[PDB]
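The chain that follows stands alone, in the form deposited in one PDB entry, written as structure tokens.
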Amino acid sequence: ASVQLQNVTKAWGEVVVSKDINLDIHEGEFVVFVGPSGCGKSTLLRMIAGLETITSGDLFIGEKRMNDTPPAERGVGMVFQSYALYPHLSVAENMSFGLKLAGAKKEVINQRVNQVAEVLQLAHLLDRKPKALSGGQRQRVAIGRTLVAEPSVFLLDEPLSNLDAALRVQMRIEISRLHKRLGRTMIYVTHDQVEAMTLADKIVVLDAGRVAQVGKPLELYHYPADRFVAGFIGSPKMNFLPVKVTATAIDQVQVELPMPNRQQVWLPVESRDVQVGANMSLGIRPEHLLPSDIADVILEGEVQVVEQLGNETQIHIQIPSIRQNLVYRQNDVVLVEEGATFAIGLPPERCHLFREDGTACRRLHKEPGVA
């Protein structure tokens, strides 16, 4: 069902953990919430479920104002961040509890519990209590209890955080297949950047009580509205270098790198509200830096860190007159030592630019995949 928040505020005394938040989740929409630990992702889910009061503003689900409705009467189901399993009941009973409350038949209950248990790989653990399970098992139990219930609105608070990589892949698919079968609204909180990119119809980025930006996955990756969003989506983080405006065209901005040579480069980025001489922040992603051998703008420096991931190599570089190390990602196992000299290329078409207030000069290079 549709879920809409209008000027939703939430305060604990004088602490404001949600400020004026506005969201329009349409029916069947898969929406992923992301943001820094402690920003308000669970507080939002709890206000939707009805487990926390709303200070001011209006919550609408399926078009009826829900601020004062009891939780049981919202058509909302939740996979709590804390799991909140019934410790006196076994896996089976945990997963079949919501059904038993309805007048559900035993064979109806058994079919759709055994079924959800085998895709979650909990089949051999049906009999155990929550105390006799691992953290990743307990977490699956929590998922599986909401899956059997098939509510109108799924809330999943960080539901894969305690799973091995491989299983995390399988669960992602099952949640995805479910959302495609039932076509029901799903609100999904995660810290894993891959989950966000692969599951979301729309991603909401929150920052300390506010919505930072709502968008399609790729729309957020390529065109962050501001420095925070840019620094939050994609990991390893986007590099930032201070730069000076030198010249402006309606369609492009020219900047001066802070190195002693003071190299200049044009960027395909709006010049709206950009004055010559101002200090901007230039962003470039580790994936988007280029090897030096074939490049117009070269940055060179001294390696501080090497991280060998197997599939790739990440190299952190101290480049003179910039405080923060540059992070660069090379495919495959590149053999480089700490302290070595290293140079990378900086491609103008993939550079972002942020005003002093941290707002983004809209990138005008049309990046493939965003329509």
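By rigid core we mean the largest C-alpha set that fits within 1.5 Å across both forms. Numbers for residues come from their place in the sequence shown, where the first is 1.
Another form, the form deposited in another entry, is not on view; read the next lines as being about it.
*Asks:* Listing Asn162, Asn279, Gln263, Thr248 as candidates, which single one shows a C-alpha movement of 2 Å or greater between this form and the one not shown when the core is held fixed?
*Replies:* With the rigid core superposed, the residue that stands out is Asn162.
*Asks:* With a threshold of 2 Å on the C-alpha, tell me if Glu14 counts as moved between this form and the one not shown once the core is superposed.
*Replies:* Yes; that C-alpha moves by at least 2 Å between this form and the one not shown.
*Asks:* Rigid core fitted, then: does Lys237 show a CA shift of 2 angstroms or greater between this form and the one not shown?
*Replies:* For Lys237, whose C-alpha is compared between this form and the one not shown after core superposition, the shift is less than 2 Å.
*Asks:* Inspect the rigid-core superposition and answer whether the C-alpha of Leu182 shifts by 2 angstroms or more between this form and the one not shown.
*Replies:* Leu182 C-alpha, core-superposed: shift of 2 Å or more.
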